[PDB]
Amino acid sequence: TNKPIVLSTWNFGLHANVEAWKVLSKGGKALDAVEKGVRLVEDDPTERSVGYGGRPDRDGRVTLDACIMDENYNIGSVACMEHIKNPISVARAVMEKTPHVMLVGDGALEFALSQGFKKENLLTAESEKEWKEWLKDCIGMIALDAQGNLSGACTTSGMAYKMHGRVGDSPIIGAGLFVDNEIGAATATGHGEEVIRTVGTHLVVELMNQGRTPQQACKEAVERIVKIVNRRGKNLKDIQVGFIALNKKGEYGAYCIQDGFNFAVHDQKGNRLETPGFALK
C-alpha cells in the first residue's frame, strides 16, 4: 500500500495538498486532512470558484455547495448556503451533529450559525464589479491516511451567474464525491449538471469495486459517459466531465472527456501536478 496520499483537483490543488499533508504526514486522519485542504481555497478570495470571492448567481448572491464523506460511510452536505465562508466545515457539522446528511438554503445558514459559524460578506468588490458588468470549477480532494482510511471533500461556489437556487454536483453524494473505505474514493471535475446526470463518482467507485484499477475505472466511467452524451445528441466539445480516484492500496487514476484539466498528487514522492488521459482527441 502507498500511504498516505492525497489527490485534489486543479492547480490550486497543489496548495491545498500542502495543508492536507501537514495532517497526513503527522499520521492524522484523512477526514481532518481533506477538510484542512479545501478550506485553504475557500479562504482565498482570489480563487473565484470556491468559497470567499466566488462568483455570484445571476441575482448577485454568493451561494456555496459542499459535501464531505469519511472512512465509515458518514456524510454531510450543504447546498445553496450564503454568508458562511467555510461550507465544507458546516457540511462536517451536518454529518457529526445532526441526524441528517443534507441541509440547503436558509436552513443550512441557520444551522451554521447555531454551530458558531459567523456571517461574512462573501461577495468581494471584484466579484460584485464583474457581476454588474455581466448583467449589462470547484475543488475536490480525496486522501488515504496512515491508517489506510479514505475520506474526501468537495466545495464550490458553483457556475457563475447560475439561476438563484441552482445546485451542482459538489454537494451530491455519488456525483461530486464518493468514498467507500473498503474500495476507494473519487471526486469529479466538469459541468455539474453532467456529473449529476451520470452519477459520476459512484460509477467510478463501483467500477473499482468490480475489479478495475483507479485509472481503468476513471477511463471506463468517462467512456460510458461519452456514449451517453452521444445518445443525448450533444456535441462532446460542449461537455466536460472528469474524475480523479484513489483505491484502498493508494493507487490513483484520472481521466476526462477533454484535455486541459490537471490535478495535484502528494505522497512520499512529494507534491506535483499531473495531467489525466482524455477521450476527445
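The first residue of the sequence shown is number 1, and the count goes up from there.
Colleague: Might you work out how many residues are unmodelled in the deposited sequence between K136 and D137, and answer none, 1 to 3, 4 to 9, or 10 or more?
Modeller: The entry has 10 or more unmodelled residues between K136 and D137.
Colleague: Averaging only over Cα atoms, indicate whether 159-167 or 117-125 has the higher B-factor in the PDB entry.
Modeller: Averaging CA B-factors over each stretch, the winner is 117-125.
Colleague: Compare the mean C-alpha B-factor of 214-222 with that of 53-61 as given in the PDB entry, and name the stretch with the higher value.
Modeller: It is 53-61.
Colleague: Have a look at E42, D238, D70, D32 and flag the one whose Cα has the highest B-factor in the entry.
Modeller: Of the candidates given, the C-alpha B-factor peaks at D238.
Colleague: Would you mind checking where the Cα B-factor of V229 ranks among the modelled residues of its chain, as the lowest, middle or highest third?
Modeller: Its C-alpha B-factor, which the entry lists for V229, ranks in the highest third among residues of this chain.
Colleague: Lowest, middle or highest third: which one holds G27 when the chain's residues are ordered by CA B-factor from the entry?
Modeller: Top third by C-alpha B-factor.
Colleague: C-alpha B factor of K269, ranked within the chain: lowest, middle or highest third?
Modeller: Answer is highest: the recorded C-alpha B-factor places it there.
Colleague: Lowest, middle or highest third: which one holds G192 when the chain's residues are ordered by CA B-factor from the entry?
Modeller: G192: CA B-factor falls in the middle third of its chain.
Colleague: Using the temperature factors of the C-alpha atoms in this entry, rank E130 within its chain: lowest, middle or highest third.
Modeller: Within its chain, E130 is a highest-third residue by C-alpha B-factor, going by the deposited values.
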